[PDB]
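Protein chains in written order, with our numbering: chain A, 1 to 426; chain B, 1 to 426; chain C, 1 to 428; chain D, 1 to 428. Ideal placement from N, C-alpha and C gives every residue a C-beta, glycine not left out. A short write-up of the structure that comes next.
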Ligand SMILES: Nc1nc2c(ncn2[C@@H]2O[C@H](COP(=O)(O)CP(=O)(O)OP(=O)(O)O)[C@@H](O)[C@H]2O)c(=O)[nH]1
Ligand SMILES: Nc1nc2c(ncn2[C@@H]2O[C@H](COP(=O)(O)CP(=O)(O)OP(=O)(O)O)[C@@H](O)[C@H]2O)c(=O)[nH]1
Ligand SMILES: Nc1nc2c(ncn2[C@@H]2O[C@H](COP(=O)(O)OP(=O)(O)OP(=O)(O)O)[C@@H](O)[C@H]2O)c(=O)[nH]1
Ligand SMILES: Nc1nc2c(ncn2[C@@H]2O[C@H](COP(=O)(O)OP(=O)(O)OP(=O)(O)O)[C@@H](O)[C@H]2O)c(=O)[nH]1
Ligand SMILES: [Mg+2]
Ligand SMILES: [Mg+2]
Ligand SMILES: [Mg+2]
Ligand SMILES: [Mg+2]
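The following block contains the structure:
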C-alpha cells in the first residue's frame with residue numbers, strides 16, 4: 001500500500017538523489033550491497049514504499065536515473081552504494097544538452113523519452129497501489145529543465161490523478177553558474193505550472209549561507225549542501241513510512257497547502273541546524289525547534305518571508321513530543337505576530353507528528369511554507385529575461401532547435417500572471 | 001507410449017539439433033558416452049519418448065542427421081557428446097546444393113531420400129506408439145529448404161494422421177547471408193503450407209537483438225543463439241516428458257492454436273531472458289514472467305505484434321506455481337489491452353503447467369503465438385521475389401535443375417493468398 | 001447393502017478422486033496400505049484377511065496422471081486392473097473422446113464396472129467425476145453414460161462436473177466441448193452438480209486467507225462436499241438422506257437437474273477461536289453469494305429446491321428455527337409454486353481434518369444442494385461464446401475429421417436454447 | 001440481552017477505541033488474550049470454550065493505525081475481519097470520505113455490522129467514535145450513518161465527536177469538513193457528545209499536574225467517560241440508566257441533541273490524601289467551567305437537561321441534597337420551561353485504575369451529561385471561520401474534483417445558520 005516512484009534527471013538530481021537514497025537506506029537499515037542490517041520491525045514493515053524485494057531477501061529502489069550526459073551516470077555507479085541500483089534503471093543518452101533548454105526539450109529528450117516511459121510503466125504495473133512521483137532536477141540547465149518537464153508532461157497524460165512532486169533547485173542573482181539561466185528557468189517553470197501538484201523551491205546561496213554562519217563551516221562541499229536537501233526529502237514522506245500519532249502523506253500536505261491550483265510552490269525549511277562544536281549548549285525541545293523554523297535564515301529559498309505573508313505552513317515533527325506543547329507553540333507563533341499570516345485563512349498551521357526521529361538527533365522538524373514572498377524570486381528572473389530579450393541575446397541557439405519567439409513571450413506572460421496572483425492575495 | 005522421431009536437415013538444423021540433444025540429455029541425466037547419471041525416477045520414467053535403450057542400460061536418441069554436404073556431419077561427430085548417436089543415423093550425400101533450392105529438391109535430394117525413408121520406417125516399426133515428427137532446418141538454403149520439404153512430403157504419404165512439427169529459421173531484410181533467399185524461402189514455404197501441422201518461425205536478427213540488449217552481451221556466437229532455440233524446443237514438449245498439474249502435448253497445442261488449417265505458423269517467445277550481472281535484482285514470479293512474455297522484444301520472429309492481432313496464444317509454464325495466479329495474470333493481460341486480441345475467439349489463452357523446471361532457473365515460460373502480424377514477414381519476402389522475378393535474375397540456375405516459371409508463379413500466388421487470409425481475420 | 005461406485009474420467013476426474021478417496025480412508029481409520037485399525041461397506045469392499053478396497057474405477061485415454069496413482073502414497077489401495085490407461089488423449093476434442101479413441105477402451109471399462117456391480121448386493125448408484133472442457137471428460141463421459149443407461153436404466157447416476165467460467169478459461173475450445181457433452185448428458189443423468197474453479201479460488205482467498213491456491217488445494221474442498229453428500233449413506237444419523245432422495249427432491253421437471261452445491265464453514269486454523277460457530281450462522285452463510293461454488297447471479301433468480309446436509313453436533317429445533325428465519329428474509333426468493341423449500345438431513349459424524357490441510361476442525365458443518373433459475377445465465381453466456389466461434393467455423397476441421405458431422409453442432413445449440421427457454425418459463 | 005456495538009472511524013476513532021477496550025478488559029477481569037479469570041455480555045460475545053470477543057468494528061481508509069492494532073498488546077482480542085483497512089486515505093477531504101473512497105469499502109463493513117447484529121439478541125444501539133476534521137471521520141461517517149438509518153431506522157445511535165476549537169487547530173480545512181458532516185449527522189443521530197482537545201489539555205495541566213500531555217494520555221480520560229455512560233448497562237445499580245433513557249431525557253426538540261460530557265474527580269496520585277472526596281463536592285466540581293470538556297462559555301447560556309451518573313459508594317439522600325443545593329445557587333440557570341433539570345443514575349462499581357496511569361483510585365465518581373445553549377457559540381465561531389475561507393473559494397478545487405457540487409456548501413451553511421437561530425429561540 002502507498003508505493004512511490006523516484007526519478008532523478010540531470011547532474012544535480014542524480015547527485016542529490018544518490019544522497020537521498022544513502023540516507024533513507026541508512027534509516028531503514030539497508031547496506032550498500034548488503035541485503036538487510038535493520039534493528040526494528042518498523043523499518044521492515046514499510047520497506048515496500050520505496051523498495052522492491054528480489055530473492056534471498058535483497059532490496060532495490062524504485063528509482064530511475066536519467067541524463068543526456070553519460071559521465072554523471074558513471075560517477076553515480078562508481079560511488080560506494082552503487083551496486084544497490086538495478087542496472088536497467090540507468091537510462092542515459094549520448095550527448096549532453098549543454099545548457100540549451102531547447103535541446104533538452106526537443107532533439108535529445110524526445111529520443112530519450114520512450115525508454116524512460118517504458119520503465120515507468122513497468123514499475124507501475126509491477127506494484128499493487130501507486131501513490132505518487134518524486135522528481136529531483138534543476139531549472140538552470142538543459143537536461144533537468146527541458147527533458148524533465150517533457151517527462152512530467154508524459155507522466156501526466158498517462159496518470160492524471162496521481163501525485164506529482166518535484167524538488168527543483170533555483171537560480172540566484174549574485175551567483176550564476178550559467179549566463180542563460182533566465183531563459184532556462186522561464187521555459188521550465190511555465191511547464192511546471194500546468195503539471196505539478198507541489199514544487200519544492202531550493203537555493204544554493206541560502207544553503208551556502210547556512211553552512212557558513214549557522215553550522216560554522218569554512219569549507220562547504222556540494223555533498224554537505226545536498227545533505228540538507230536529502231534530510232528535507234526524508235522528512236516530507238516520514239508519514240508514509242512510519243506509524244505516528246498524527247499522519248500526513250503527500251496528498252494530505254498538498255490538499256492542506258494549496259488554496260488555489262496555480263500557487264503550489266513551497267518553500268522548505270528544516271530544524272535543528274546545529275553545529276559540531278555548538279550542539280552541547282542547547283536543551284532539545286519543541287519550542288526551540290519552532291522558533292528556529294520561522295527564522296528567515298532557515299528558509300532554503302533565498303527570499304525574505306518578512307516582505308510577504310504566509311498563506312499556509314505545514315510542520316512535520318519527528319521524535320516523541322507533547323502534541324499539546326506543539327499546538328501551544330503554533331498558537332504563540334500565530335497570535336503574537338499575525339502581521340505575516342493571511343486573515344481569510346483562519347488557522348494557517350498544519351501539524352504532523354511521527355514517532356521515529358532521524359539517525360543522529362532526538363527531535364527534528366521540517367517546515368513547508370506557501371509564502372507570497374516567493375513572488376520576489378520570480379520577479380528578478382523576469383527582469384533578467386526582459387533585459388536579455390530586448391537585445392535578442394542568445395536567442396539564436398534556441399531558434400536553432402525549433403523554438404520561436406512566441407513561446408518565450410507566452411511563458412513570460414504566464415510567469416507575470418503568477419506573480420500578480422501571489423501579490424493579490426498578499 | 002507417445003514416442004517421437006527427431007530429424008535435422010542442413011547445417012543450421014544439425015547444429016541446433018545437437019544443442020537440443022545436449023540440453024535434453026542434461027535434463028534427463030544422461031552423459032555423452034556415459035549411460036546414466038540421473039537423480040530422479042521421473043527422468044527415468046519417460047526416457048522412452050526420445051530415446052532407445054540398448055544392453056547394459058545404454059541410451060540413444062531417435063534422431064536422424066541429414067545433409068548434402070559431408071562437412072557438417074564431420075563437425076557434429078567431432079564434438080563432445082558425438083559418441084551418443086547411432087552411426088546408422090548419419091545419412092549424408094556427396095556434394096552440397098550450394099543454395100540452389102532446385103538441387104536440394106530434385107537432383108541430390110531424390111538420390112538421398114530412399115535411405116532416409118528406410119531409416120524412418122525402421123524407427124517407426126521398432127516402437128509401440130508413434131506420436132509425431134520434429135524437423136529442424138532453414139528456408140534460406142538449398143538442402144534444409146528443398147530436400148527437407150521433399151522428405152516431409154514423403155512422410156505425409158506414409159502416415160497421414162501423425163503430427164508434423166518444424167522449427168524453421170527465417171530470412172530477415174537487413175541481413176541476408178545469401179542473395180537468393182527470396183526464391184528459396186518462397187519455394188519451401190509453399191511446400192510447408194500443405195504438409196505441416198505446426199511451424200515455429202525463428203529469426204536470427206531478433207536473437208542477436210536479444211543477446212545484445214536484454215542479455216547485455218557484446219560477443220554473441222551462433223551457439224549462444226541456438227541455446228534459446230533449444231530451450232524453446234524443450235519447453236514445447238515438457239508435457240509429454242513429465243507429470244504436471246495440467247498437461248498439453250503436441251497435438252493439444254495444435255488443436256488449440258489453429259483456427260483454420262492454413263494458419264499454422266507460430267511465433268515463439270520465452271521467459272525469463274535474464275543477464276548474468278542482472279539476475280539477482282528480480283523477485284522470481286508468475287506476474288513478471290507473464291509481463292516479459294508479451295513484450296515485442298521477446299518475439300523470436302522479427303515482427304511487431306503491435307501491428308497485428310493475436311488469434312491464439314499458448315503458455316507453457318515450468319516450476320511450481322499457483323494456477324490461480326497464472327489465470328488472473330492472463331485475465332489481466334486480456335481485459336486491460338484487448339486491442340490486440342480477436343473478438344470472435346472469446347478466450348484466447350491456453351495454459352499448461354508442468355512441475356519440473358529446467359536446469360538453472362526455478363520458474364520459466366514458453367509462449368507460442370498465432371499472430372496476424374506474421375503476414376508482415378511474408379510480405380517483405382513477396383516484395384523481394386517480385387523485385388527479382390521482374391528482371392528474371394538468377395532464374396537460369398533454377399531452370400537448369402528442372403524448374404519452370406510456372407512453379408514460381410504458383411508458389412507466390414499461394415503466399416499472397418495466405419497473406420490475404422491473415423489480413424482478413426485481423 | 002446400498003453400495004455405491006465411483007467413476008473418475010480424465011485428469012480432473014482422477015485428481016478429485018485422489019483427494020476424495022484419501023479423505024475417506026482417514027475417516028474410516030484405513031491406513032494407506034488397506035488394513036483397518038459395517039458402515040464403510042457402501043464404498044469399500046473386503047477380500048483376503050483384513051484388506052479393504054475402493055469400489056472405484058479410473059479412466060483416462062492417457063497414462064500420465066494414473067501413472068502417478070500407480071506409483072504414489074496410495075499405490076497399494078487399488079488393484080492394477082481398476083486403473084485403465086495407455087493411449088493418445090482426446091486432445092481437447094469431444095469427437096475423439098466420443099468416436100475415435102473412446103471406441104477402443106470402452107469394453108474393458110464396462111466389464112470392470114459390471115464386475116464391480118456383481119461383487120456388490122444391490123448398489124444404489126454411480127458417482128461420476130469429470131470436466132466439461134476436456135476431450136476425454138466430455139466425449140468419453142457421454143459414451144460411458146450411454147452404456148450405463150443401456151445396462152442399468154433403473155439405477156441412479158450422479159455427476160460432479162467441473163464447469164468453466166469464461167474469465168478463468170484455460171482451454172480454447174471449451175465452449176464446443178461443453179455444449180456437445182451437455183446435450184448427451186441431459187438424457188442419462190439424474191442430476192449434475194456443477195463446480196466453478198473461480199468461485200473456489202475466491203473462497204480460498206477470502207475465507208481461508210490463501211493468496212496462492214493450487215489445484216491440490218481446491219480438490220480438498222470438493223472432496224469435503226462429496227463426503228457431506230454421502231455421509232448419510234455411510235453413517236448413523238438422526239434424520240437420514242440417500243441418493244434416491246436427491247433425485248426425488250431436486251428435480252421438479254425432467255430437464256431441470258443442475259443444482260449448485262455450497263459448503264460452510266470454511267475457516268483457517270487461526271480464525272476459529274474468534275468464531276461463534278452457530279447452526280443459524282452457518283445456514284446464513286449458506287445463502288450468501290460469496291459462498292457459492294458457481295458464479296451464477298443467485299439473487300436475480302429464484303430457488304426451486306434446497307437440501308441442507310448437517311453434520312456434527314446439531315439440535316434439530318435450532319435447525320428448524322434457522323430455516324424459518326431464512327424463509328422470513330425477504331430478498332431470498334422461492335418459486336411461488338413450492339411453499340416448502342428445504343429437505344433437511346442430519347449426521348452424527350463431525351467432518352474430518354486432513355493432515356497438512358488448510359481447514360480448521362469444526363463441530364458443526366453444512367453442505368447445501370440448491371437448485372436456482374440463475375444458473376441458466378451461465379448457459380446463456382456459454383452459448384454466446386459458442387455462437388461467435390461457430391460463425392467463422394473456427395476449429396471445426398478438427399471435429400469434422402474425427403467422424404463428427406456439422407449439423408450436430410447446430411442441433412446441440414438448438415437443444416441448449418430450448419433448455420434456456422425452459423428455465424425462463426419455470427421461473428414465472 | 002441489551003447488547004451494544006462500537007464503531008471506530010478514522011484515526012481518532014481507532015485510538016479512542018484502543019483505550020476504551022483496554023479499560024473494559026481490565027474492568028471485567030479479561031486478560032489481553034481473551035480468557036476470563038453475564039454482566040459483560042452487553043459488550044463482549046463468547047465463542048469457543050473460554051475466549052471473549054469485543055463487539056467492535058474498526059474502519060479506516062488507510063492501514064497505518066489499524067496495523068498497529070493488528071501487531072500490538074491486543075492483537076489476539078480481535079478477529080482479523082473486524083478490522084477493515086488497506087487504501088488511500090480521504091486526505092482531509094470530506095468528499096473523498098463520502099463519494100470516491102467511501103464507496104469502495106462500505107459494503108464490507110456493512111456486512112460485518114449486520115453479522116454482529118445477528119450474533120446478538122435485540123441490541124439497543126451503536127456507539128460511533130470519530131473526529132469532525134478528518135476526511136474519513138467526516139465523509140465516511142455520514143455515509144455509514146445513512147446506511148444504519150436505512151437498515152435499523154428504530155435503533156439508537158450515539159456518537160463521540162472530536163470537535164475542534166479554533167485556537168488548537170491542527171488542520172487547514174477543519175471548517176469545511178466539520179460543517180458538511182454536521183449537516184448529514186443532524187438527521188440520523190440520536191445524540192452527539194462533543195469533546196474538545198484544548199479543554200482536555202487544560203484539565204491535564206491543572207488537575208492532573210501534567211505539563212506535557214500526549215494523545216495517549218487524553219484518550220484515557222475519554223474512555224473513563226464512556227465507561228461511566230455504559231456502566232449502568234453492564235452492572236447492577238440502585239437506580240439505573242440505559243441508552244434509550246438518554247435520548248428521552250436530553251432532547252427537548254429533534255434538532256437540539258448536542259450535549260457536553262464532564263467528569264470528576266480528576267486527581268493525581270499525590271493530591272488524593274489531602275482530599276475530602278464528597279458527593280456534594282464532586283457535584284459542585286461538575287458545574288464549574290474549568291471542568292468542561294468543551295470550551296463553550298457555559299455561564300452565558302442556560303441548561304436544558306442534565307444527567308448525573310454516579311458510580312461507587314453513594315447515599316442517594318446525599319445526592320438529592322447536593323442537587324437541591326445546586327438548584328438553589330443563583331448563577332447557574334435552567335430554562336424557565338423546565339423546572340426539574342436532573343436525571344440521576346447510580347452504579348455500585350467503583351471506577352477502575354489503569355496500570356501506569358495518571359488517575360488516582362477514587363471511591364465516588366461522577367459523569368455529567370449536560371445540554372446547554374452556550375454550545376451554539378462554538379458553531380457561530382466555526383461558521384465565521386468557514387465564511388471567510390468560502391469567500392475566496394479557498395481549497396474548493398479539491399472538493400469539486402471529488403464529485404461534490406458547490407451549492408452543497410451553501411446549503412450546509414444555511415442549515416447551520418438555521419440551527420444557530422433555533423438555539424437562540426429556545427433559550428428565551
Ligand atoms: N544543489 C546542487 N546544485 C547543483 C549541483 N551541481 C550543479 N548545481 C546547479 O545546477 C545548475 C545546472 O544543472 P546541471 O549541472 O544538472 C546541468 P543540466 O544537467 O541540468 O543540463 P546540461 O548543462 O545541459 O547538462 C547549475 O547552474 C548549479 O547552480 C549540486 O551538486 N547540488
Ligand atoms: N539459427 C541459425 N541459423 C543459421 C546458422 N547457420 C546458418 N544459419 C542460417 O541458415 C541459412 C542457410 O542455411 P545453411 O547454412 O544450413 C545452408 P543449407 O544447408 O540449408 O543449404 P546449402 O547452402 O545448399 O548447404 C543462412 O542464410 C543463415 O541465415 C546457425 O548456427 N543457427
Ligand atoms: N477442479 C479441478 N479442475 C481441473 C483439474 N485439472 C483440470 N481441471 C479442469 O479440466 C479442464 C481441462 O480438461 P481435463 O480435465 O484435463 O480433461 P481430460 O479429460 O484429462 O482431457 P484432456 O484435457 O484433453 O487431457 C479445464 O477446464 C480445467 O480447469 C483439477 O485438479 N481440479
Ligand atoms: N481526542 C483525540 N483526537 C485526535 C486523535 N488523533 C487525531 N485527533 C484529531 O482528529 C482530527 C484529524 O483527523 P483524523 O481523526 O486523523 O481523521 P481520519 O478520519 O483519520 O482521516 P485523516 O485525518 O484524513 O487521516 C484532528 O482534529 C485531531 O485533533 C486522538 O488520539 N485523540
Ligand atoms: Mg550536466
Ligand atoms: Mg550447408
Ligand atoms: Mg489429461
Ligand atoms: Mg488517518
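Look up residue 200 (chain B) in the DSSP assignment and say whether it is helix, strand or coil.
strand
Listed in chain order, which residues are found with a beta carbon closer than 7 Å to a heavy atom of ligand 5? A:10, A:11, A:67, A:69, A:72, A:96, A:141 and A:143
(request) Could you tell me whether the Cβ of residue 48 (chain D) comes closer than 8 Å to any Cβ of chain C? (result) yes
request  = Closer than 7 Å, Cβ to Cβ, to anything on chain B: give me those residues from the stretch 369-396 of chain C, in chain order.
outcome  = 385, 388, 389, 391, 392, 394 and 395
Q.
Can you tell me where the beta strand (DSSP E) holding residue 432 (chain D) begins and where it ends?
A. Nothing in the structure corresponds to residue 432 (chain D), since chain D is present only between 1 and 428.
Exercise for the section: Ignore the nearest five residues each way along the sequence and tell me which others in residue 181 (chain B)'s own chain have a CB closer than 6 Å to its CB. Expected result: 140 and 171
Discussion item. Please state whether the Cβ-Cβ distance between residue 57 (chain D) and residue 45 (chain D) is less than 8 Å.
Written reply: no
* What are the residues that DSSP puts in a beta bridge with residue 369 (chain C)? -> C:261 and C:307
request  = Taking only the alpha-carbon atoms, compute the straight-line gap between residue 308 (chain C) and residue 38 (chain D) and give it to the nearest angstrom.
outcome  = 34 Å
Checking contacts by CB at 8 Å: is residue 276 (chain B) closer than that to chain E? Included in the structure are the protein chains A, B, C and D, with no chain E among them.
| request: Could you please give the first and the last residue of the uninterrupted beta strand (DSSP E) stretch that includes residue 252 (chain B)? | output: Careful: residue 252 (chain B) lies outside any beta strand (DSSP E), inside the alpha helix (DSSP H) at 250-257.
Compare the beta carbon distance of residue 221 (chain B) and residue 192 (chain B) with 8 Å and say whether it is the shorter of the two.
no
**Request:** Closer than 7 Å by C-beta to residue 143 (chain C): which residues in its own chain qualify, once you throw out the five before and the five after it? Chain order, please.
**Result:** 98, 102 and 106
### Message
Rounded to the nearest angstrom, what separates residue 388 (chain B) and residue 179 (chain B) at their Cα positions?
### Response
10 Å
task: Determine the closest residue to residue 283 (chain C) out of C:73, C:327 and C:293, with distance taken between C-alpha atoms.
output: C:327
* Report yes or no: do three or more beta-carbon pairs, one from the stretch 96-103 of chain B and one from the stretch 142-149 of chain B, lie closer than 8 Å? => yes
Could you tell me if residue 379 (chain D) is buried or exposed, where buried requires 16 or more neighbouring beta carbons within 10 angstroms of its beta carbon?
buried
**Report entry** Rounded straight-line distance, which links the Cα of residue 365 (chain C) to that of residue 48 (chain D)
**Finding:** 15 Å
6 Å CB neighbourhood of residue 185 (chain A) in its chain, flanking five on each side removed = 139, 171 and 381
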